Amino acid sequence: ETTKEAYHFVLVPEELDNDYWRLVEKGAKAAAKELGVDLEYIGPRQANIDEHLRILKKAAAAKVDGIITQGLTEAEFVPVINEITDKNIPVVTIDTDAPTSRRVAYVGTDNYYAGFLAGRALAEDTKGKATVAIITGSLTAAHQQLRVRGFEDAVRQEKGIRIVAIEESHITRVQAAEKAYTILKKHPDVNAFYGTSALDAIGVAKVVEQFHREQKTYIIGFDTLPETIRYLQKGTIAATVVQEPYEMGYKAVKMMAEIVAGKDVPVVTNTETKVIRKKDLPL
């Protein structure tokens, strides 16, 4: 660590203590241990574009050997990824891609297609009939935009599915729940929710269970954090989109070491995504 012996790679999460990003860090740290590189996990305490960009520039100013980060937005992150690359520091994107930038490689879900699968799933389980509200991590983050947009394309040929609300959770359980509650009071006809980040469906499920209505509410969310699996087992959540956070962190560090060695790697490595339901539990 406090040695120049080792390569220094930085992994920047969307939010430092977000549960999903700590899983990504587990994968990255394990790859780093196997390779004998120093992996520094450095990120905003509270998700924030400007703070995220400040940490990227600070790591590049410390002349680290590689930087792994989301290309969180196209407008702000492409020029910064490019300027870092031009200072001879390779950039690997993780979890969210910036495909027009000069990042060397991406490891993460195909986010558009993840949302499309969620849209297919909701249309199948509701037989094409649903009054849908969407809770998304943010309206500006690229992976959130793609998961919403893929969902919308997938349900567009279902005349009986209508989206009546889209709200931001800022990837916390508490804002997801707050938004779910206000959606239900302004739109009492909502009977389906779609969450596009790891804590959204958890926030919705808490609010749905506090009503304990007879007429059920369909919830499809993202990722497989323990609370999500529990709600899926309870039947409160109907489905969720799988990602491979540990694997993208592990593979991003392995790719970075290959790049530092002068070796080619694929431009895009899409880790597995698929919709699972209660019938797919155990795992």
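Residue positions are given as counts along the sequence shown, with the first one as 1.
181-189 versus 100-108 - which carries the larger mean C-alpha B factor in the record
Comparing averages over the C-alpha atoms only gives 181-189.
Quick one: higher average CA temperature factor, 137-145 or 209-217?
Per the PDB entry, the higher value belongs to 209-217.
Going by the entry, which of 254, 230, 63, 52 has the most elevated CA B factor?
Highest C-alpha B-factor among the listed residues goes to 230.
Which of 195, 119, 160, 90 ranks first by CA B-factor in the deposited coordinates
Reading the PDB entry, the winner on C-alpha B-factor is 160.
Could you place residue 95 in the lowest, middle or highest third of its chain by Cα temperature factor, using the values in the record?
Answer is lowest: the recorded C-alpha B-factor places it there.
Would you check the entry's CA temperature factor for residue 37 and let me know if it's in the chain's lowest, middle or highest third?
Middle third by C-alpha B-factor.
Name the third of the chain's ranked CA B-factors that contains residue 245, choosing lowest, middle or highest.
For residue 245, whose C-alpha B-factor we compare with every modelled residue in the chain, the answer is the lowest third.
Split the chain's modelled residues into thirds by Cα B-factor; is residue 132 in the lowest, middle or highest one?
Middle third.
Looking at the temperature factor on the CA atom of residue 48, which third of the chain's modelled residues does it land in?
For residue 48, whose C-alpha B-factor we compare with every modelled residue in the chain, the answer is the middle third.
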